[PDB]
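The lines below spell out each chain.
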Amino acid sequence: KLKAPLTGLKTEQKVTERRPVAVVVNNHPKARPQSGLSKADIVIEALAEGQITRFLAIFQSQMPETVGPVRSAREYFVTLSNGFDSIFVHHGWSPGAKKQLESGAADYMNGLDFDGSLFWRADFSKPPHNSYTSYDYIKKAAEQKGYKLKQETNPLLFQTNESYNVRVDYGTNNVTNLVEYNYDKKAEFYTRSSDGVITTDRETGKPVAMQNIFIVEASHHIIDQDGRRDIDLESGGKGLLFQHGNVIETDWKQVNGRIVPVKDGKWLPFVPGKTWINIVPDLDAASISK
């Protein structure tokens with residue numbers, strides 16, 4: 001029947017009203033492999049702690065069992081979550097993020113408040129990379145805060161040979177953080193790996209697969225005395241779009257809280273399926289390959 005808003009794939013009527021759930025997911029080496037990333041429609045990676053990146057996994061067409069490890073919230077993540085007015089799930093936060101959310105920026109769930117009940121601690125890992133929750137517990141937390149679980153969200157724009165792969169380097173002089181996306185002509189999708197290991201979902205033991213790689217160049221600026229940096233996600237800018245082994249040079253503008261790829265005065269559509277967005281402070285961090 002109808003299609004899912006964030007994937008463009010057909011689904012059942014009930015999902016059509018399932019409110020998006022955006023979870024901040026730990027991407028520190030010790031947090032891999034994470035749980036539930038294969039069920040996310042959109043996953044956004046961006047620099048968080050030092051040279052370490054962090055994810056915002058947005059679920060809508062598919063809800064995960066357990067998801068995590070959960071990590072601290074950042075302003076740019078609150079902003080990204082809001083592009084879909086999603087229930088914001090996290091654990092801890094930066095000063096800016098705190099005031100933002102305490103100012104009513106979004107319906108949130110802080111691991112701080114449920115650590116011990118709706119949020120649990122994994123025993124095969126140590127803090128603070130052992131913090132998880134589940135869609136079932138997330139619902140229970142919504143039932144207490146009076147958060148609406150059903151709402152319709154405006155869908156993304158989807159469409160109806162060659163083969164280029166891409167790598168993204170976040171690391172610096174001494175620290176390394178390499179992400180690679182390899183297209184599978186046969187499978188007709190991309191595979192991911194970080195620091196040399198293929199990105200899998202601990203919950204399935206299977207590699208995650210997406211149909212769009214969207215590299216976005218956004219200004220990273222320090223706005224803290226400790227050095228914390230923010231990411232200008234409103235000024236628009238340039239980026240790269242990889243789909244079907246193809247590569248497309250593009251720009252991007254923010255349209256209603258969403259980062260929209262636009263080229264020659266028009267929105268570029270996405271291929272139905274999962275999408276992975278990589279925010280980088282320099283489009284130079286990316287490198288394609290045949």
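About the thresholds
Residues numbered from 1 in each chain as written, not as in the entry; some residues may be left out. Heavy atoms only, no water. Pairing = 2+ DSSP bridges. Helix = DSSP H or I, 4+ residues; strand = E, 2+ residues; numbered from the N terminus. Contact = heavy atoms within 4.5 Å. Axes fitted to C-alpha atoms, helices over the stretch in contact; angles between N-to-C directions. 1 Å grid on protein atoms, 1.4 Å probe; cavity = no way out; pocket = protein on both sides within 12 Å on 5 of 7 lines; lining within 4 Å. Points joined across faces, edges and corners; volume = space filled by probe spheres on them. Nonpolar A, V, L, I, M, F, W, Y, C, P; charged D, E, K, R; others polar. Core = buried A, V, L, I, M, F, W, Y, C linked by side-chain atoms within 4.5 Å. Buried < 20%, exposed > 50% of the residue type's maximum accessible area, 1.4 Å probe, protein only.

- The record lists X-ray crystallography as the method behind this PDB entry and 2.10 Å as its resolution.

## Focus: the sheet that holds strand 23 (residues 275-280)
Piece 1. Read across the open sheet, the 11 strands follow the order 6-5-1-3-2-23-16-19-20-21-22; overall the sheet is mixed. Edge positions in the sheet fall to strand 6 (108-110) and strand 22 (266-267), since each of these pairs with one other strand and no more.
Piece 2. The strands touched by helix 1 (residues 75-82) are strand 1 (21-25), strand 2 (42-47), strand 3 (53-59), strand 5 (87-90), strand 20 (246-255), strand 21 (258-263) and strand 23; relative to strand 3, the strand with the most contacts, the crossing angle is about 20°.
Piece 3. Contacts from helix 4 (residues 135-145) reach strand 1, strand 5 and strand 6, with the element oriented near 110° to strand 6.

## Regarding the layout of surface pockets
Piece 1. Roughly 400 Å³ of internal volume is contained in the largest pocket.
Piece 2. Elements with a contribution of two residues or more to the lining of the largest pocket: strand 2, strand 21 and strand 23.
Piece 3. No other element matches the 4 residues that strand 21 contributes to the lining of the largest pocket.
Piece 4. Taken together, the residues of the lining of the largest pocket sort by class into 17 nonpolar, 6 polar and 1 charged.
Piece 5. Put simply, the second largest pocket is a space of about 180 Å³.
Piece 6. Taken together, 14 residues make up the lining of the second largest pocket; nearest its centre are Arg74, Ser94, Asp224, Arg228 and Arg229.

## Comments concerning the nonpolar core
Piece 1. Counting residues in each nonpolar core, the largest one holds 40 residues, and the members touching the most others are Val23, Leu37, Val89, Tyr181, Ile213, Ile215 and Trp276.
Piece 2. Residues contacting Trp276, with those up to four places away along its chain left out, are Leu37, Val43, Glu45, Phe55, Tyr181, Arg192, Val208, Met210, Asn212, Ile213 and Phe214.
Piece 3. Core analysis: the second largest hydrophobic core is formed by 36 residues, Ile42, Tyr147, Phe158 and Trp252 among them.

## Regarding the sheet that holds strand 4 (residues 66-67)
Piece 1. Read from one edge of the open sheet, 3 strands run 4-8-7, paired in antiparallel fashion. Strand pairing shows two members of the sheet lacking a second neighbour, strand 4 and strand 7 (120-121), which therefore form its edges.
Piece 2. In this structure, strand 4 lies alongside strand 8 (residues 131-134), joined through 2 bridges in antiparallel fashion. Pairing of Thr66 across the sheet is with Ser134, part of strand 8.
Piece 3. Here helix 4 sits on the sheet in contact with strand 4, strand 7 and strand 8, set at roughly 75° to strand 8.

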